[PDB]
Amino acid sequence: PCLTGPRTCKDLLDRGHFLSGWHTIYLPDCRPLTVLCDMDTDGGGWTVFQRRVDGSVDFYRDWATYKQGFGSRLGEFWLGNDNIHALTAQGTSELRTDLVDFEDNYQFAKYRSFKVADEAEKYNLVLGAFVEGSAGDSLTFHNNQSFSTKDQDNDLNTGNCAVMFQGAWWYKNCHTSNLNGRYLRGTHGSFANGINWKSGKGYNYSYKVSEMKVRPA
């Protein structure tokens, strides 16, 4: 009953589910997990692990919360670090980042591979090559970095990157990207604490939509 069923969003597309939405796939350890499949963007078949859309969900959360995931299938959410690792351990998944502004401009960025280690390794980020994408690289800077929340500081910054830029991320010292920052709605005066992608709209603009998704590379 675990071997009958699907294991990625790509499988489901291959089996003729053409509509984006929440489907259940089976983890490599046979745990069933209800994921969001984007069956439309760039060929379709993407499993979506992060999604901001309207600012309705608090993303300024603690380690246990980022661990297990939070939010709503009906809106915004983080799939959870255990799940993101589970999905990306064994094998090779490409990463697509899709973004939108409040002026309705669509941007993206695409990476060759994407993997996060387990909690023992603080969900460490293993990033392949920037392939292309009109949003430009603002993730490579964050390669080989542990992931930090406000209540657990694993960055290379003598202070707390998560309290400062008000998010949660593979911070370094601190970031060129902050997709789990505060939903600030466009141009903001405050520094780099919005849904920010430095090479995109920069440190003072917070996107309307953001999605981070994976697909078997």
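Note that residue numbering begins at 1 and tracks the sequence as displayed.
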Output the stretch having the higher mean C-alpha B factor in the entry; the candidates are 165-173 and 36-44. 36-44
Should the higher mean CA B-factor in the entry be assigned to 98-106 or to 133-141? 98-106
Test of reading the entry: by CA B factor among the chain's modelled residues, which third contains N178? middle
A117 by Cα B-factor - lowest, middle or highest third of the modelled chain: highest
Of the three thirds of its chain by CA temperature factor, lowest, middle or highest, which one includes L74? middle
Mind checking which third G189 falls in for C-alpha B-factor across the chain? highest
Quick tally, chain-level thirds of C-alpha B-factors: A86 sits in the highest
